[PDB]
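Q:
Numbering (the deposited numbering), first residue to last: 1 to 330.
1) Does the separation of the CB atoms of residue 12 and residue 109 fall below 7 angstroms?
2) As a quick exercise: from 39, 258, 243, pick the residue whose alpha carbon is nearest that of residue 221.
3) Could you check which residue in 322, 54, 183, 29 has the C-alpha nearest to that of residue 63?
4) Within 10 Å of its beta-carbon, does residue 24 have 16 or more other beta-carbons around it, so buried, or fewer, so exposed?
5) Check the C-beta distance from residue 316 over to residue 158 and give it rounded, since I have them as a contact under 8 angstroms.
6) Around the C-beta of residue 95, are 16 or more other C-beta atoms found within 10 angstroms, so that it is buried, or is it exposed?
7) Are the Cβ atoms of residue 328 and residue 183 separated by less than 7 angstroms?
8) Helix or strand or just coil, what does DSSP make of residue 183?
9) I'd like the list of long-range same chain contacts for residue 60, defined as Cβ closer than 6 angstroms, with 5 residues on each side in sequence excluded.
10) Measuring alpha carbon to alpha carbon, tell me which residue in 65, 107, 173, 84 is nearest residue 73.
11) Residue 39 by DSSP, collapsed to three states: which one?
12) Residues bridged to residue 20 by DSSP?
13) Please state whether DSSP places residue 310 in a helix, a strand or coil.
14) Could you give the first and the last residue of the continuous beta strand (DSSP E) run that contains residue 147?
15) Would you say the region 278-285 touches the region 295-302, given that touching needs at least three Cβ pairs under 8 angstroms?
16) Cβ atoms of residue 170 and residue 4: under 7 angstroms apart, would you say?
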């Protein structure tokens, strides 16, 4: 089997991407944030504290003839940005882009933090990291991909995120029309539960490539590119007037600037992030200070190849017995 679904930016800045997902019988379609940096599929629901729902579409398990309470199971997750959610668990039929999994754990939120409430466009998350990170207790549950894997034509999924445009998540096949040149594959460590890999270096603009190992994660659920302070300083030093602002919470730059590109290495291959992908717009409405899309990972504890990086590439998440990651230009 295979699946193919379009993923759409939630706003004009590509702050996140939503993908429609069918849950239950008859189908209830929710728009979920596919997140290769976590491993829980959770949704706003009829169980979510009413004051914490503001415009989201909810899953109502009582209206699904295939929903079953997973008795005694609870979940609770906290993300790197300080957001969180928790609740109980149903199993139900879940379909993405024509690919159907029966008996998928659907984690129903009883509580969500303010950042989730305030984002009316995101109805929940669909985790695509390794199932070892799944938070369901006392019986850990598998991700949608893990459940689908054996049925897929090939044990892979791909992320093809757009810049200010829709893109695609495919399951079970590689669309050879979706990228240019060849796909370069690179080793993955699953030791921390992530799609963790080592970039071979970087360049800023038309500058020379610096060969240096940068361990980090391919994380579709993180907006920005978070890299070591040395790398990030080298980038922003090429933008007149750019500075790190503790009050704003990162590097800002004059909105009048033209940003240089940023290149990262994948083995001997190179992925170029155009400068415009690094512009996250005014820090507040009407401001002439703009927020940067490359930020320091110092104090996160991990480097994160988020959407800023991934949307410059066609990315293969190869879930074979020994997982790997592939990157192609597009």
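We put the beta carbon where it would ideally sit given N, CA and C, even for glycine.
A: Looking at the coordinates:
1) no
2) Residue 221 has its Cα closest to that of 39, out of 39, 258, 243.
3) 29
4) Per the 10 Å Cβ criterion, buried.
5) That belief holds up - the Cβ atoms of residue 316 and residue 158 are roughly 5 angstroms apart, short of 8 angstroms.
6) buried
7) yes
8) Looking at residue 183 - three-state DSSP - the assignment turns out to be coil, as it is neither helix nor strand.
9) 46
10) When each option's Cα is compared against that of residue 73, the closest is 107.
11) Residue 39 falls in the coil class under three-state DSSP.
12) Beta-bridge partners of residue 20 (DSSP): 31.
13) helix
14) Run containing residue 147: none in the beta strand (DSSP E); it sits in the alpha helix (DSSP H), 144-148.
15) no
16) yes
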